[PDB]
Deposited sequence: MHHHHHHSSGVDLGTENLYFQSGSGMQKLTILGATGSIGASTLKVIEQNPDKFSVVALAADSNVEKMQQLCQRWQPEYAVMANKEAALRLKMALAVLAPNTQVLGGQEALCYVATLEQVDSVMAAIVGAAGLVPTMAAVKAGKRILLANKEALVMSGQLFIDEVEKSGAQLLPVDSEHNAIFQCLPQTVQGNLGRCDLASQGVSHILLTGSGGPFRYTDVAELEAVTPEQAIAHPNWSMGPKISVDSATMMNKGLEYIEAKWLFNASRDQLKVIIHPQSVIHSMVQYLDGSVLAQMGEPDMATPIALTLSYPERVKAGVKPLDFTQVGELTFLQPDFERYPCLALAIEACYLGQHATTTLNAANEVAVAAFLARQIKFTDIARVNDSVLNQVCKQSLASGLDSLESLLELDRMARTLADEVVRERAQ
């Protein structure tokens, strides 16, 4: 039986990795729809190669351009435009799975639409669980959607957990399945071996120099502060329904091990592999089976040494903020994430120091939280939080 897919966010690197897996398994997967933002040139090339039934641009003007370009290159592809069209392709009857890889706030509504339709969700959008975890888990339970996490760490944890837990995300009783705790791993960022005193002076040039990867500058800074891990922590809490006793963070500088699980008998399972997103994506497509992903086997002769260390809160005050916000709930995580988007832009623009990012997040978080949720209500909250963060940034210069 062929798996039919909608890919939301087809022109970015997650979309490319998904398409590489599908290309390696032409008998097993079939693309019905491709959707993107306003990169028409990339989209026309993908529609030419894939000849999908539907192609959607989130931007209506971009959709008009694509429709002109496709009318002969991809003549059986119907081009659509706008937010309602993203929901439409995410909810088609013939579709089994939706790669939810549109990033930011814009991804929430279509990701939610696929959830309400009971699809298999290949979740590659952080905001769904960072802003609105409770709401998504509640809707997933209502519709019978399956949630399969795409992010490297979550996907690793998922593989290290037993099958009964894998098939019950959002709701799982970890203790009763013999899990003592999940070990969420991270690189520690470029300042992992730098003195706390030196952090005041660090520049964006220094903070973006990620030790293992070359990502967007926003996410690279989140890795320098470990806000990135804090957001992964929040997501993991909702995916695996972890109490405050059941989720830990460890620094693993080399990022070969992607995360681990500690079982009750003393046994630890760990997931490792080459740093290629096709591996985890492949699992989310194929679960409970496995398929070729175009990724080579890990070469242990070249892996080097693996080490571990303990983060501290002097160095990574953002990680404390995120864990705290995590157990305060959606209002708090929404606020923190919004504050941090603004604080990080402010550091990239040289308006504030590196150590002010956490100060901004701390102020905004305190104000909002001192003084029924919906996607709309949480977006309003995001706006409010952004305004407060704008105000604190002004003061810090």
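Peer 1: I have the full deposited sequence and the modelled structure. Can you tell me which residue ranges, counted from 1, have no C-alpha coordinates?
Peer 2: Missing CA coords at 1-24, 396-400, 427.
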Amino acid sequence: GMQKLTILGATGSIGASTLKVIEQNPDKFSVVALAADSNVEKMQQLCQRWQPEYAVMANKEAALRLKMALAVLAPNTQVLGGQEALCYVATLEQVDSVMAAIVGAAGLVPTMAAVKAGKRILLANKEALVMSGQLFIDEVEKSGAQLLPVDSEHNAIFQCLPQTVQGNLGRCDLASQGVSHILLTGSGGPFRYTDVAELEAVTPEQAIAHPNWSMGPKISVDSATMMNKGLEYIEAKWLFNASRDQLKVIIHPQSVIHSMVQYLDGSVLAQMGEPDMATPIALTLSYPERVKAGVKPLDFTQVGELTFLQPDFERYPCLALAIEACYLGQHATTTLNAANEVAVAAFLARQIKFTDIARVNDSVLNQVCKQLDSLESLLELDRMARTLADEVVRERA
From here on, numbers count along this sequence of modelled residues.
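The term rigid core refers to the most C-alpha atoms you can superpose between the two forms while keeping them within 1.5 Å.
Peer 1: Hey, after superposing on the core, which one moves around more in 4 other deposited structures of this protein, 72-80 or 299-307, CA-wise?
Peer 2: Looking at 299-307 and 72-80 in 4 other deposited structures of this protein, the bigger mover is 72-80.
Peer 1: Core fit done; bigger CA RMS in 4 other deposited structures of this protein for 239-247 or for 155-163?
Peer 2: Farther from the shown form on average in 4 other deposited structures of this protein: 239-247.
Peer 1: When the other PDB entries of this protein are compared, is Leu283 left blank in at least a third of them?
Peer 2: That residue is present in all of the other compared entries.
Peer 1: Counting only other entries that model residues on either side of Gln177, is it left out in at least a third?
Peer 2: Counting only entries that model residues on both sides, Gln177 is resolved in every one of them.
Peer 1: On average, are the C-alpha B-factors higher in 255-263 or in 79-87?
Peer 2: That would be 79-87.
Peer 1: Tell me which of 268-276 and 163-171 has the higher mean C-alpha B-factor in the deposited entry.
Peer 2: Of 163-171 and 268-276, the stretch with the higher C-alpha B-factor average is 163-171.
Peer 1: Highest Cα B-factor in the deposition, which of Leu199, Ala325, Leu231, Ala124?
Peer 2: The record points to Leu199.
Peer 1: Please work out which residue in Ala100, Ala236, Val221, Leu135 has the highest C-alpha B-factor recorded for this crystal structure.
Peer 2: Result of the comparison over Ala100, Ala236, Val221, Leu135: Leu135.
Peer 1: Which third, lowest, middle or highest, does the CA B-factor of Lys142 fall in along this chain?
Peer 2: Highest third of the chain for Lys142's C-alpha B-factor.
Peer 1: Lowest, middle or highest third: where is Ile7 by Cα B-factor in its chain?
Peer 2: For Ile7, whose C-alpha B-factor we compare with every modelled residue in the chain, the answer is the lowest third.
Peer 1: Taking only the Cα B-factors deposited for this chain, tell me whether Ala62 sits in the lowest, middle or highest third.
Peer 2: Highest third, going by the recorded CA B-factors of the chain.
Peer 1: For the chain shown, is the CA B-factor of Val368 in the lowest, middle or highest third of its modelled residues?
Peer 2: Tercile = highest for this residue's CA B-factor.
Peer 1: Where does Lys119 sit by CA temperature factor within its chain: lowest, middle or highest third?
Peer 2: Within its chain, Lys119 is a middle-third residue by C-alpha B-factor, going by the deposited values.
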